[PDB]
J.: 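Okay, handing you the structure first.
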Protein chains: 2
Amino acid sequence: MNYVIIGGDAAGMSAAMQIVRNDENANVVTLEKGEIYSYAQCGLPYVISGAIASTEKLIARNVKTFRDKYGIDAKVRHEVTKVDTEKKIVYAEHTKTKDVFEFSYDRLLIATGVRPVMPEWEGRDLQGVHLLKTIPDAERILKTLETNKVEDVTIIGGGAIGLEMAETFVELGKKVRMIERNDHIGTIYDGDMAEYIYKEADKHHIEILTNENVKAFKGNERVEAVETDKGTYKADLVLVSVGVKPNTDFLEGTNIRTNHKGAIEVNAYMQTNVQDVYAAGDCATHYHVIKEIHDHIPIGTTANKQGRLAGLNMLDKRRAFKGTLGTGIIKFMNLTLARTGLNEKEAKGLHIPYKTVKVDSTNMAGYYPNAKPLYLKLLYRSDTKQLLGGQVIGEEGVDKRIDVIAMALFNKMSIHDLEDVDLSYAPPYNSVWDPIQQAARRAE
Amino acid sequence: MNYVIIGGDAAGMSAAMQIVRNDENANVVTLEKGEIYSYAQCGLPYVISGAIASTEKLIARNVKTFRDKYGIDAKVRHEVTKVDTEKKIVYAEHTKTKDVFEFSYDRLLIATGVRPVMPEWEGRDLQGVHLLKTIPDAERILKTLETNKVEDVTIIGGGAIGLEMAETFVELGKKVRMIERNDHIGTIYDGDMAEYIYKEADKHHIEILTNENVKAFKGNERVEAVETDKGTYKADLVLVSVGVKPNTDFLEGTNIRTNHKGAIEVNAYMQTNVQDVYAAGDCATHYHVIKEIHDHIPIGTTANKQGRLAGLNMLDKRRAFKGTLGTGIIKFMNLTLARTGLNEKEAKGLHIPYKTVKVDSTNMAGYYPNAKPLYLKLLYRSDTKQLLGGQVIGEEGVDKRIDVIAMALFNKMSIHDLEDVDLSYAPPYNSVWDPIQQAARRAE
Ligand SMILES: Cc1cc2nc3c(=O)[nH]c(=O)nc-3n(C[C@H](O)[C@H](O)[C@H](O)COP(=O)(O)OP(=O)(O)OC[C@H]3O[C@@H](n4cnc5c(N)ncnc54)[C@H](O)[C@@H]3O)c2cc1C
Ligand SMILES: Cc1cc2nc3c(=O)[nH]c(=O)nc-3n(C[C@H](O)[C@H](O)[C@H](O)COP(=O)(O)OP(=O)(O)OC[C@H]3O[C@@H](n4cnc5c(N)ncnc54)[C@H](O)[C@@H]3O)c2cc1C
Ligand SMILES: *SCCNC(=O)CCNC(=O)[C@H](O)C(C)(C)COP(=O)(O)OP(=O)(O)OC[C@H]1O[C@@H](n2cnc3c(N)ncnc32)[C@H](O)[C@@H]1OP(=O)(O)O
Ligand SMILES: *SCCNC(=O)CCNC(=O)[C@H](O)C(C)(C)COP(=O)(O)OP(=O)(O)OC[C@H]1O[C@@H](n2cnc3c(N)ncnc32)[C@H](O)[C@@H]1OP(=O)(O)O
């Protein structure tokens, strides 16, 4: 009857909705540190670029809707500072008044996500130095752009967010530099596929600095330069996007098990090792279909799936989480960048014997107008030929190909079985053999 | 050592290539009625519309390449009139001289495709009345357009070719009418999905006449009108696209088994019931993954797959054809029309107990600019919830969704398992739950 959920976004409220729909008697309390529930963090770079009208558009469901329509006791400005798992009590501090409130639970869900990491650099706190995670973060970036005169923007780190924001700043007419860490080389894309990204950045005059370490941010009250071990470069706005940390700090003192980075370990049913305590989303570990290990790939698709499953399992409607594939997709300038399953760094790390096939092809029939190049790479087990992963890069039809690859991986297909699938074809959409199938044929 | 292939296009030459690559000794003779090998019939409507420069662009590999590079004895203007399966002799007529040649075989492949059907209507042979199958057919259509004043075009029959050519004729600035057949209502799309097609045609001023029967084409030397049981309408060019017949006539008296429509029955290995005689592509039957029966769905993807498999199996490199899903995709004006697996008429026809889910959705996040409506319908088994088929209609992301559905059908997935797949998402490509997954969730 008493369900408590910590975190009022994707994982937390996906759970809440399951509970509310499948238990009419349920008393659901949700505890959110901020003032905004159920919003799309994914849309933030597109609000900042002006492509979306306002952050208001990103809100999927109101706290007022959660309260009035669904009868969920949704709290705002409630930061949980500790949980007593023996007494089954959650302790929340109001972020403004600092008053402490107790919430007893029969079942608890931790859905606190991750936070972006700001390393302890001199200049950390300078005006115009930004992280991007929340709606307030986006507004503050917009406020820097609106007041302060911004010509040069430096992005620290890459990955999805760094790349998307490099585009956003280019589209806002800025001169964009990216400074890239060595610790993230090959983590998403293999070297040969990443070449297409460097080429596209160069093409749009996004300066990318490799093997260069941030030393400090310089300026008065506002930032005006980035200092590295190799130089000092003008910057009127710095976005730091170098890594994330699970928001699980507050659970020190409980016996709740955590991986090395602090992500909460969950079994098939979203349960921690502590009785009646569940976790879901970016704050939790993610069973990997191919790795067969509990990984951490904090993404919004997985968070909704895990959150929905946490709610269901909290209701004893037993259903197992099938896993992540490490699927990810990025819009970067004119390119679409997609990956799923294992890349070479991942395969090597697991000591899985693998081979690769790469094809430079097109998204559709070469004779059809506006046919575009399509770069597609697959990994497969050298013994069983089990498909292990794929990377697709091009202007069009990249999402289609990665979803097909994802489906293949989910079903544990052999690479050559792809040849046998009746995939769709007409000249404006594909070639008579899909690029995936052409690559499959090249495999041993 | 002696391999003979009848038909010099997709199925026949996919086979020849397999044989040539996997047997160095092989003497391959290919017998082709026309003068053009290995061309994309699929691109024909796009040459006629002007989108593709010329028919030459559709040729994937020519007879000179087959002869000089691959050592295939590729014959043109050779029409096979007779096969003696006991003596293992193929009899061919030269189409010009009418001289008779004979070809001895160890293994034979029939890859003769289908032909468009011209019903026995008065006016059949009037100038401006056209079938569309071959490059010469397209040139003849272009010739009618170049030398005559065409303003009104009438198309007999819907289907993929009918709809594509309706587009082509609208794009050429013509007033287009199409007169649809009642026998083919619900064969591709369910009634509720077909509504979207009728709406889009109406929007572009394509007159569609329902339950109306053609009785004659009228005119002096050329067509000037089409007469039906309900009226007589002006037409300067008539395209008849009402069905196809397997080119298997010539095999009468061989004991080669054939279905009711004349398509050659093949087993898993592309073998007919007659020793050392194979068949593949449009002239052959197509084992259906979902129907679990030998169907006939003649398209170019299946033709290449079957032709490739026939060559391999002719070399005793034993490999089973996994089947068709009945996948099909059409560009129609602003819409993309995709279907795969079973529709309602097919499910009912088989007495497979089924339910449906239909979702009016978008191709991506609703808040993202240029997000477009997406209409998606799924069929699934009442008892096991096994996915049975899908129909998707919309402006963008239709091909992606049908290929995902195709993959699911190939793997015999239950509808709710789709909820678990780590499909890709970023705002420019999808919603955080794919439309297929949202439909899956509505299912019982
Ligand atoms: C710029 C950006 C772009 C992205 N793009 C994509 C994309 O294209 N595709 C994709 O799949 N994913 C994307 N993501 C990731 C996606 O936004 C997240 O994976 C998803 O929001 C995770 O949901 P969650 O509920 O686990 O965590 P969150 O959405 O982070 O929610 C956790 C909530 O818990 C609250 N909280 C934390 N600690 C406490 C506490 N102690 N007490 C009370 N409340 C607390 C926080 O205020 C927060 O609201 C993107 C993320 C960012 C930042
Ligand atoms: C307008 C149009 C659009 C199409 N669009 C698509 C599409 O978008 N997607 C798709 O998948 N498919 C499409 N198709 C279908 C695709 O073109 C065919 O399925 C494919 O060409 C079939 O290959 P095949 O080798 O079995 O037969 P064919 O390609 O028809 O080749 C058979 C050959 O056999 C020869 N032949 C016949 N009889 C004899 C004989 N007695 N002796 C010697 N030779 C003989 C013929 O001359 C012919 O060249 C389209 C077809 C048309 C007409
Ligand atoms: S950066 C991307 C990550 N961020 C976000 O997703 C944004 C924050 N999102 C959330 O917090 C959740 O995604 C919310 C908005 C809470 C989703 O809540 P719900 O789970 O209630 O989602 P829906 O409102 O879409 O409801 C889903 C269930 O309702 C059934 N259903 C929907 N529509 C219909 C119709 N028309 N007819 C019948 N049923 C319908 C669905 O089947 C679904 O049922 P389940 O039982 O939940 O599968
Ligand atoms: S309307 C659409 C239907 N119409 C048509 O398809 C047009 C007519 N088409 C055809 O007749 C055939 O599709 C043709 C053009 C004959 C294709 O013949 P091939 O089967 O020879 O096709 P490829 O030339 O692509 O060769 C395929 C085999 O070669 C291997 N391969 C290609 N490229 C490479 C590279 N770079 N490196 C290694 N191997 C390569 C493929 O793996 C493939 O091998 P298989 O053993 O056949 O799988």
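When a ligand or atom number is given, it counts from 1 through the structure's own listing order. Proteins get letters first, then strands, A, B, ... in listed order; numbering begins at 1 in each.
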J.: Under a 4.0 angstrom heavy-atom cut-off, which atoms of ligand 1 come close to A/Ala111?
T.: 32 (C), 33 (C), 34 (O)
J.: With heavy atoms only and a cut-off of under 4.0 Å, state how A/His78 meets ligand 1: side chain, backbone, both or neither.
T.: backbone
J.: For ligand 1, which atoms, with element, lie under 4.0 Å from some heavy atom of A/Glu79?
T.: 41 (N), 42 (N)
J.: Applying a heavy-atom cut-off of 4.0 Å, say which part of B/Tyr39 lies close to ligand 4: side chain, backbone, both or neither.
T.: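 B/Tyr39 to ligand 4: backbone contact only, side chain stays beyond 4.0 Å.
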J.: Which is closest to atom 36 (N) of ligand 3 in terms of heavy atoms, A/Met13, B/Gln438, B/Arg441, B/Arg442?
T.: B/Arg442
J.: Atom 2 (C) of ligand 4: which protein heavy atom is closest, and how many Å away?
T.: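 Heavy-atom neighbour on the protein nearest atom 2 (C) of ligand 4: B/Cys42 SG, 3.4 Å.
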J.: Check whether any N or O atom of A/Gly12, backbone or side chain, sits under 3.5 Å from an N or O atom of ligand 1, and answer yes or no.
T.: no
J.: Examine A/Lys33 against ligand 1 and note whether any of their N/O atoms are separated by less than 3.5 Å.
T.: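 Among all N and O atoms of A/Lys33, at least one is under 3.5 Å from an N or O of ligand 1.
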J.: From atom 24 (O) of ligand 3, work out which of A/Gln18, A/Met17, A/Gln41, A/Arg61 has a heavy atom at the shortest distance.
T.: A/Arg61
J.: Just which atoms of ligand 1 are under 4.0 Å from any heavy atom in A/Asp282?
T.: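 Within the 4.0 Å cut-off of A/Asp282, ligand 1 contributes 18 (C), 19 (O), 20 (C), 22 (C), 26 (O).
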J.: Quick check on side-chain hydrogen bond (donor to acceptor under 3.5 Å, both in side chains): which of A/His94, A/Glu35, A/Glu32 does A/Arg77 satisfy it with?
T.: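 Filter result, single survivor: A/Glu35.
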J.: Checking the N or O distance criterion of under 3.5 Å, is ligand 1 in contact with A/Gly300?
T.: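 Looking only at distances, the answer is yes, because the N/O contact criterion of under 3.5 Å is met.
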J.: Is atom 14 (C) of ligand 4 less than 4.0 angstrom from at least one protein heavy atom?
T.: no
J.: Purely on distance, is any nitrogen or oxygen of A/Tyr39 under 3.5 Å from one on ligand 1?
T.: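 It does not: no N or O of A/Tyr39 is found under 3.5 Å from an N or O of ligand 1.
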